[PDB]
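First comes the structure, then the notes that go with it.
Virtual Cβ from ideal backbone geometry, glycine too; neighbours counted across all protein chains shown. What follows is calculated from the coordinates using simple rules that are stated; it is not laboratory data.
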There are 2 protein chains.
Amino acid sequence: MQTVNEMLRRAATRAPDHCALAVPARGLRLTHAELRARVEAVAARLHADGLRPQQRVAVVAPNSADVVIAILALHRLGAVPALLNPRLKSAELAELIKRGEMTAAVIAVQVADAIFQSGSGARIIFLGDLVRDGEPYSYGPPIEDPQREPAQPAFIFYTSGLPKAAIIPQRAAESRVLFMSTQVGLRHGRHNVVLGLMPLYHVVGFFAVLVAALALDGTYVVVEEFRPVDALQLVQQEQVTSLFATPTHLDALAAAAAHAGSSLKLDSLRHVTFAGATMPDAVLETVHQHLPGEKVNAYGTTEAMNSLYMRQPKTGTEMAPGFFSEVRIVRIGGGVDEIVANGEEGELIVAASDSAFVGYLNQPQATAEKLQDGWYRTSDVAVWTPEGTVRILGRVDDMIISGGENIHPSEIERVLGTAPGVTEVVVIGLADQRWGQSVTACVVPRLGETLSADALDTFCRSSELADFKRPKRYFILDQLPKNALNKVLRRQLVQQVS
Amino acid sequence: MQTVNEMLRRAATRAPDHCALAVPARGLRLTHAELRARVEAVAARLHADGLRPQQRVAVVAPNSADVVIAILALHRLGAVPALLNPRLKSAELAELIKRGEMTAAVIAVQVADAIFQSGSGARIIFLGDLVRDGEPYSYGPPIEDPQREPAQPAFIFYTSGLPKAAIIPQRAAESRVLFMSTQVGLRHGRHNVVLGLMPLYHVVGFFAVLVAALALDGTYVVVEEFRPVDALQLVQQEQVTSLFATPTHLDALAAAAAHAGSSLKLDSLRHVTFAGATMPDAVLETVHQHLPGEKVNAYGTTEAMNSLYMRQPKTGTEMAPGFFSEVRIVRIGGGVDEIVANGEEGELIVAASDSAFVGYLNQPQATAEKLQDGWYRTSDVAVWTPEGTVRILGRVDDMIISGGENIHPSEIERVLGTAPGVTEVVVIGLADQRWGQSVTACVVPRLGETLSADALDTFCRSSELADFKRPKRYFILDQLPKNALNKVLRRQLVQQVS
Ligand SMILES: O=C(O)c1cccc(Cl)c1
Ligand SMILES: O=C(O)c1cccc(Cl)c1
């Protein structure tokens with residue numbers, strides 16, 4: 001195997017004086033060799049204070065050079081970084097750190113208050129006391145490089161109840177990085193300038209962006225806060241070769257580029273990658289018109305990383321397996337060998353090989369639901385297209401079954417989202433009749449505007465949707481309940497309207 | 001890990017009906033699924049005759065669809081293919097199979113005579129009795145897929161005394177394939193059409209060409225015999241995306257393309273890769289002028305695969321480490337930690353990690369010479385250029401040390417090779433004076449032509465060579481002694497002229 005530490009160490013010997021970390025705002029550049037020296041020093045200093053290999057340390061911070069040093073430092077020591085979204089509720093973060101029996105918590109968020117008062121006896125480390133603007137506080141004797149095993153825990157990442165802690169083994173690093181090369185077409189070399197738009201607590205942000213950038217002897221451009229015109233200036237200024245970004249980032253970037261034209265020089269950007277299963281046709285449309293570089297749509301999971309992709313995509317929902325990947329579509333709630341007839345819908349399962357998580361920390365029942373007979377079960381519904389591609393339909397959990405028929409809310413949402421006057425829409429099934437579930441649309445109007453059930457129904461009737469998929473009922477709401485992050489709490493919403 | 005078998009198996013599930021093997025001459029195409037079925041059937045039939053996992057089977061055959069099936073078949077069974085050059089002497093092949101305690105010998109070469117009469121009780125299998133033109137003789141019950149371990153032997157390849165048997169472990173396959181992607185820029189997908197110019201008994205021919213082609217869900221184009229104009233027609237006809245070829249192939253191909261112009265459509269060819277350390281500046285020159293695609297120079301060994309490379313190269317001798325690679329230049333005949341001053345010459349050693357051989361079969365002394373303290377020693381002399389690239393000078397064994405000075409015969413040979421009237425030249429050191437060794441040139445004239453020591457000396461004097469490097473003596477010969485393959489036996493030649 002080749003671990004994160006080894007990938008980064010080998011890179012440092014090949015390109016010691018090439019720029020590793022760029023923070024254009026803070027006037028901060030760090031070479032590969034200089035990044036190593038700080039990783040070594042924070043490692044040693046963390047060790048000199050009683051942190052041992054395999055001890056889980058929480059990390060809760062926005063993107064920055066300092067948090068990159070600290071995360072790599074912990075891994076170099078041998079500790080297992082558990083990376084957590086800083087948008088989470090103080091209460092949630094304290095609770096997650098408690099369940100995880102975490103030894104320490106590196107924070108740069110008040111949230112420190114919550115952790116002491118949770119019971120969890122996790123040592124609160126403030127990030128600014130380890131490393132500040134790339135320069136660390138040093139002390140302690142230089143430290144040994146611990147022995148690392150293929151199945152051994154290496155990093156913990158969190159999912160979608162409370163977020164679950166997915167354990168990423170040492171051997172998963174390489175293929176979690178190299179798919180950026182086999183699928184996306186990144187290659188080794190110092191031309192690589194990678195814009196860090198993705199948060200570091202998401203596996204793409206860490207393995208596919210941060211680690212890939214350095215492991216290929218390139219440069220990682222730190223972005224502490226996303227602004228669409230500023231990001232495009234970075235593309236031009238830094239000579240960005242690739243960016244991996246959310247559908248929401250790309251909508252912003254494409255529109256800013258459209259209201260920029262040849263004001264910004266974007267030619268250096270050769271790779272625009274995104275997880276676009278949920279990307280509407282209209283955003284995809286603008287991405288091709290207004291942004292340069294080859295576009296690659298990618299499907300993946302925290303649990304197994306990349307499982308499908310598409311070069312120069314037409315719809316955002318249709319993709320095919322790449323290198324490392326093996327996939328099947330099986331009967332919903334059946335065994336891993338129950339393959340559907342091409343054309344019938346089912347659950348996407350992918351083989352659980354090198355890139356796979358090895359279980360959810362302290363949640364062995366959820367693990368047993370997800371890892372069966374060598375497969376990882378996505379909980380996503382899919383269908384083989386006659387053209388040999390996989391069409392992602394939606395989450396199994398969001399699926400509505402009305403009059404014995406599979407209806408996917410995401411399909412209805414993308415239609416209703418184009419209805420004039422609509423700012424947000426979530427489609428849900430209410431426990432009911434026609435039977436089983438009744439398709440119901442919850443719609444938020446644009447600021448100042450009225451909506452009516454009649455007008456929306458007329459709009460749906462005049463759209464491509466088939467009979468049974470048309471909502472039977474509409475609720476016009478001033479907002480939708482959306483947890484600590486900005487994703488809808490369907491269950492909670494269903495509970496609100498009934 | 002991801003083994004050859006697993007790489008090819010996963011590929012078959014992703015692209016069952018895409019063309020895997022093309023033999024345009026024989027009118028033979030085989031899809032991925034069809035190639036699998038034959039690999040399964042020859043495997044089973046080989047098993048039904050008493051071949052067990054980990055038993056070494058020799059393979060001695062020119063390139064063909066049938067030998068690809070048989071090699072993959074043996075690996076699928078679990079047997080360890082030992083691939084041998086068919087150009088070797090009958091006596092040599094019998095002897096190598098004897099030392100290797102090989103259980104069987106798959107041959108398609110008389111050479112069968114030699115093997116029985118060597119003592120080695122290796123079962124002689126004729127290739128035409130396993131599979132002919134892609135259709136096998138089937139029998140026996142379908143067979144289990146054996147458990148494979150990371151350090152376990154998988155394939156045996158032979159080197160430069162008698163050729164040594166380098167044992168390639170299961171875990172070496174992935175990085176021996178994926179460097180074609182990280183260094184060379186191959187990516188996953190069915191556009192991949194790979195021309196099989198390289199012999200299958202060379203690690204590049206097997207891992208970097210055959211296995212890479214299939215593992216990326218592409219097509220391998222079988223070439224049973226190299227002809228420069230025919231090969232270029234294949235590029236055009238088959239839509240070849242990449243070729244990996246020897247310097248000798250590229251000289252032929254470039255000249256045929258120059259005496260073709262826009263007669264042949266070569267635009268589909270995006271990657272032209274070669275091991276060009278020994279490629280003269282003039283051939284490289286023509287490669288850029290007359291052949292399309294990005295040119296990539298690559299340095300590597302049987303023992304550790306790829307260790308250096310260069311995109312769009314200027315000299316053929318200057319390269320830098322890519323992904324997976326770590327390299328040092330150390331004092332000749334010193335410890336792995338004795339790094340030279342940048343500018344001093346030394347031995348190129350590369351780290352022995354995932355891609356590395358695990359030893360020479362039954363030759364533990366040679367192993368101990370080559371694998372020290374986690375490094376592989378190339379036996380190649382190199383120097384760091386002020387620009388941070390590695391300049392390969394020549395083999396340590398060919399090095400001449402005259403008047404206490406490092407002189408590399410390859411440098412002198414490339415100068416003398418341009419002297420009009422010269423068809424071949426080898427430079428050697430004779431045990432002698434000035435002192436230690438005396439630089440001596442052995443030159444073969446062109447058909448019908450005379451050479452003189454005086455005229456050659458005049459030519460050298462008028463060349464870029466420094467004082468001490470000029471040959472002190474010339475031998476004009478009608479030929480140079482060149483073993484079973486076409487490489488010069490320096491030791492033997494030295495012995496001839498003295
Ligand atoms: O969260 C995702 O969409 C994701 C996660 C891992 C890998 C990929 Cl390609 C995508
Ligand atoms: O024999 C060579 O030159 C060789 C062997 C393995 C890998 C490479 Cl890139 C080159």
Checklist line | 7 Å along Cα→Cβ, label-point gaps from residue B:236 to other copies, nm, shortest first | finding: 4.6
Item checked: Prolate/oblate/rounded call for region A:1-68, Cα gyration tensor, a/c under 1.5 rounded -> oblate
Next item on the list: Sort chain B into rounded, prolate or oblate with this rule: let a ≥ b ≥ c be the square roots of the eigenvalues of the Cα gyration tensor; rounded if a/c is under 1.5, and if a/c is not under 1.5, prolate when a/b is larger than b/c, oblate otherwise.
Entry: prolate
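Contour minus end-to-end for residue B:285 and residue B:387, with contour as 0.36 nm per residue of separation and end-to-end as the Cα-Cα distance?
34.6 nm
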Item checked: Whether region A:170-316 is rounded, prolate or oblate, judged on the alpha carbon gyration tensor where a/c under 1.5 counts as rounded -> oblate
Checklist line | Rounded Å value of the spacing that divides the Cα centres of region A:413-488 and region A:190-213 | finding: 36 Å
Next item on the list: Once the label point is placed 7 Å from Cα along Cβ, list for residue B:333 the distances to the corresponding points in the other copies, in nm, shortest first.
Entry: 7.7
Next item on the list: Can you grab the distance from the C-alpha centre of region B:336-410 to the C-alpha centre of region B:238-260, Å, no decimals?
Entry: 31 Å
Notebook entry, point to check: What is the calculated FRET efficiency for residue B:28 to residue B:452, with r their C-beta to C-beta distance and R₀ = 41 Å, to the nearest 0.05?
Noted result: 0.15
Next item on the list: Mind jotting down the distance between the C-alpha centroids of region A:69-121 and region B:93-127, whole Å?
Entry: 64 Å
Checklist line | Computed FRET value (nearest 0.05) for residue A:483 with residue A:49, which takes r as the C-beta separation and R₀ as 30 Å | finding: 0.30
Item checked: Value of [θ]222 nm, deg cm²/dmol, for chain A, DSSP H segments ≥ 4, -39500 (n - 2.57) each, nearest 500 -> -8000 deg cm²/dmol
Note to self: To make sure I understand, if each residue's beta carbon is the centre and we count other beta carbons within 10 Å, what order do B:415, A:221 fall in, fewest to most?
What the structure shows: B:415, A:221
Notebook entry, point to check: Nm distances between the label at residue A:362 and the same-position labels in the remaining copies, 7 Å along Cα→Cβ, shortest first?
Noted result: 5.8
Item checked: Spin-label model distance (nm) - residue A:236 vs residue A:373, 7 Å beyond Cα toward Cβ -> 5.7 nm
Next item on the list: Could you list, in their original order, any pairs among B:295/B:472; B:295/B:487; B:314/B:487; A:89/A:370; A:370/A:472 whose Cα atoms are separated by more than 31 Å?
Entry: B:295/B:472; A:370/A:472
